[PDB]
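What follows is a single structure, written as structure tokens, with notes after it.
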Amino acid sequence: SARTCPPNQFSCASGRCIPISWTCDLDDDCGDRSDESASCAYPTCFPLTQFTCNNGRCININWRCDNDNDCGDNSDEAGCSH
Amino acid sequence: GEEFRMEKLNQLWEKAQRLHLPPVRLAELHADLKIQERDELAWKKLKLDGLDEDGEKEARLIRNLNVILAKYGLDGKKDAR
Ligand SMILES: [Ca+2]
Ligand SMILES: [Ca+2]
């Protein structure tokens with residue numbers, strides 16, 4: 001069989017099925033092992049919904065939450081995030 | 001690095017150091033972080049497998065996190081401060 005999943009999604013390690021948007025995003029799934037970086041080659045981490053953490057890092061663009069300024073000298077918050 | 005291949009733990013680990021904490025605290029924190037690290041990684045695979053969809057494992061994590069928060073106080077702007 002194909003065991004690669006439709007183009008709208010992707011197949012994890014053992015030919016499973018996970019949504020395309022789960023690969024290179026920030027969450028460690030299992031495309032290759034965690035489909036993070038070692039899959040899409042990480043072109044500037046992810047040019048979809050990204051914010052730049054501590055001195056040029058890449059975090060979720062929607063990590064604001066508190067409505068103030070996140071990463072820069074310290075992390076975004078690590079409070080209301082998760 | 002090879003152990004911590006996730007920025008989530010990396011940024012939290014350094015945050016504590018940037019706030020200035022003694023080695024005795026950093027040691028316990030590093031240990032506690034390892035418990036969460038493996039747990040989240042396991043939970044990730046679990047969720048894909050369909051082992052936890054109700055959010056029981058994460059609820060347990062939150063309870064443990066409460067202990068951690070009340071032990072190291074690493075929150076920020078929870079509401080006002
Ligand atoms: Ca991913
Ligand atoms: Ca924020």
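Naming works like this for the structure tokens: A, B, ... for the chains as they're shown, residue 1 at the start of each chain, ligands 1 onward in shown order.
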
Closest contacts (chain B/ligand 2, max 12 Å, only C-alpha atoms and all ligand atoms) as JSON lines:
```
{"residue": "B:75", "atom": "CA", "partner": "ligand 2", "partner_atom_place_in_ligand_line": "1 (Ca)", "distance": 11.7}
{"residue": "B:76", "atom": "CA", "partner": "ligand 2", "partner_atom_place_in_ligand_line": "1 (Ca)", "distance": 9.2}
{"residue": "B:77", "atom": "CA", "partner": "ligand 2", "partner_atom_place_in_ligand_line": "1 (Ca)", "distance": 8.7}
{"residue": "B:78", "atom": "CA", "partner": "ligand 2", "partner_atom_place_in_ligand_line": "1 (Ca)", "distance": 10.3}
{"residue": "B:79", "atom": "CA", "partner": "ligand 2", "partner_atom_place_in_ligand_line": "1 (Ca)", "distance": 11.6}
```

>> Distance limit 7 Å, reference ligand 1, atoms considered: only C-alpha atoms and all ligand atoms. Which residues make the cut? Give them as a ChimeraX atom specification.
In response: /A:22-29,34-36

Restricted to C-alpha atoms, what would the selected residues look like written as a short mmCIF file (atom, residue, chain, number, x, y, z; two decimals), in the first residue's frame?
```cif
data_model
loop_
_atom_site.label_atom_id
_atom_site.label_comp_id
_atom_site.auth_asym_id
_atom_site.auth_seq_id
_atom_site.Cartn_x
_atom_site.Cartn_y
_atom_site.Cartn_z
CA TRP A 22 1.60 19.28 12.61
CA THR A 23 4.94 18.58 10.94
CA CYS A 24 7.14 21.64 11.11
CA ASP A 25 5.28 23.88 13.54
CA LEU A 26 6.69 23.69 17.07
CA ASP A 27 5.19 20.45 18.34
CA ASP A 28 7.15 17.21 18.33
CA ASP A 29 5.01 14.53 16.67
CA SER A 34 9.16 14.28 15.87
CA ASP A 35 8.81 15.94 12.39
CA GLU A 36 10.48 18.99 13.86
#
```

Run DSSP on the backbone of this structure and report the residues of segment 35-77 of chain A it assigns to strand (DSSP E or B), as a short mmCIF file (atom, residue, chain, number, x, y, z; two decimals) with N, CA and C atoms, in the first residue's frame.
```cif
data_model
loop_
_atom_site.label_atom_id
_atom_site.label_comp_id
_atom_site.auth_asym_id
_atom_site.auth_seq_id
_atom_site.Cartn_x
_atom_site.Cartn_y
_atom_site.Cartn_z
N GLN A 50 4.75 32.82 13.10
CA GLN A 50 5.90 32.84 13.96
C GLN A 50 6.22 34.21 14.56
N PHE A 51 6.74 34.15 15.77
CA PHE A 51 7.21 35.30 16.52
C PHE A 51 8.67 35.01 16.86
N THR A 52 9.46 36.03 17.12
CA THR A 52 10.87 35.81 17.40
C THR A 52 11.18 35.96 18.88
N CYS A 53 11.43 34.83 19.53
CA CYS A 53 11.76 34.83 20.95
C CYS A 53 13.15 35.38 21.25
N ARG A 57 14.93 33.93 18.43
CA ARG A 57 14.46 32.56 18.41
C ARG A 57 13.11 32.50 17.71
N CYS A 58 12.56 31.31 17.53
CA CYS A 58 11.27 31.20 16.87
C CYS A 58 10.23 30.58 17.79
N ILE A 59 9.17 31.32 18.08
CA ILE A 59 8.10 30.79 18.91
C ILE A 59 6.76 31.04 18.22
N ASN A 60 5.70 30.47 18.77
CA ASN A 60 4.37 30.65 18.19
C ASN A 60 4.00 32.12 18.22
#
```

> With only C-alpha atoms as the basis for distance, which of A:13, A:81, A:69, A:75 is at the shortest distance from chain B?
Replying inline: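 Using only C-alpha atoms, chain B sits closest to A:75.
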
>> Give me the residues near segment 52-68 of chain B as a ChimeraX atom specification, where near means some atom within 10 Å (using only C-alpha atoms) and where sequence neighbours in that chain fewer than 6 positions away do not count.
In response: /A:82 /B:29,32-33,35-36,39-40,43-46,74

I need the residues from that last selection saved to file as a PDB file, in the first residue's frame (with C-alpha atoms), if you can.
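Now in part01.pdb:
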```
ATOM      1  CA  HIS A  82       1.087  26.544  29.212  1.00  0.00           C
TER       2      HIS A  82
ATOM      3  CA  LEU B  29      14.262  22.000  38.803  1.00  0.00           C
ATOM      4  CA  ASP B  32      11.527  18.057  37.691  1.00  0.00           C
ATOM      5  CA  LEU B  33      11.831  19.303  34.110  1.00  0.00           C
ATOM      6  CA  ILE B  35       9.888  14.353  34.484  1.00  0.00           C
ATOM      7  CA  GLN B  36       7.788  16.755  32.414  1.00  0.00           C
ATOM      8  CA  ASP B  39       5.910  12.939  30.061  1.00  0.00           C
ATOM      9  CA  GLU B  40       4.996  15.428  27.330  1.00  0.00           C
ATOM     10  CA  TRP B  43       1.776  11.997  25.956  1.00  0.00           C
ATOM     11  CA  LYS B  44       2.347  13.240  22.404  1.00  0.00           C
ATOM     12  CA  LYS B  45       2.711   9.713  21.059  1.00  0.00           C
ATOM     13  CA  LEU B  46      -0.114   8.613  23.357  1.00  0.00           C
ATOM     14  CA  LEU B  74       8.293  30.607  37.936  1.00  0.00           C
TER      15      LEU B  74
END
```

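In this structure, atom CA of residue 12 of chain B sits 19.4 Å away from atom CA of residue 42 of chain B.
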
> What residues in chain A lie within 7 Å of chain B, counting only C-alpha atoms, written as an MDAnalysis selection string?
Replying inline: chainID A and resid 29 74:75 77:80

> Quick one: residues within 10 Å of residue 2 of chain A, only C-alpha atoms counted, chain neighbours fewer than 3 positions away excluded, as a PyMOL selection string?
Replying inline: chain A and resi 5-6+11+15

Please produce an output containing N, CA, C and O atoms for each residue in the selection, written as a tab-separated table (two decimals), in the first residue's frame.
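The resulting out_1.tsv:
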```tsv
chain	number	residue	atom	x	y	z
A	5	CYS	N	-0.57	8.69	3.55
A	5	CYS	CA	-1.63	9.64	3.91
A	5	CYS	C	-1.83	10.69	2.79
A	5	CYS	O	-0.90	11.00	2.05
A	6	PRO	N	-3.08	11.19	2.63
A	6	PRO	CA	-3.40	12.21	1.60
A	6	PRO	C	-2.52	13.46	1.72
A	6	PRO	O	-2.00	13.75	2.79
A	11	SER	N	2.13	11.20	6.83
A	11	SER	CA	2.23	9.94	7.52
A	11	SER	C	3.39	9.91	8.50
A	11	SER	O	4.54	10.14	8.12
A	15	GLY	N	4.03	4.92	8.94
A	15	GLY	CA	2.98	5.09	7.95
A	15	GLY	C	1.64	5.42	8.58
A	15	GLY	O	0.60	4.92	8.15
```

>> I need the residues in chain B that are alpha helix (DSSP H) according to DSSP; give them as a ChimeraX atom specification.
In response: /B:7-18,23-49,56-72

> atom CA of residue 64 of chain A to atom CA of residue 2 of chain B: how many Å, to one decimal?
Replying inline: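 One can read the atom CA of residue 64 of chain A to atom CA of residue 2 of chain B distance as 29.1 Å.
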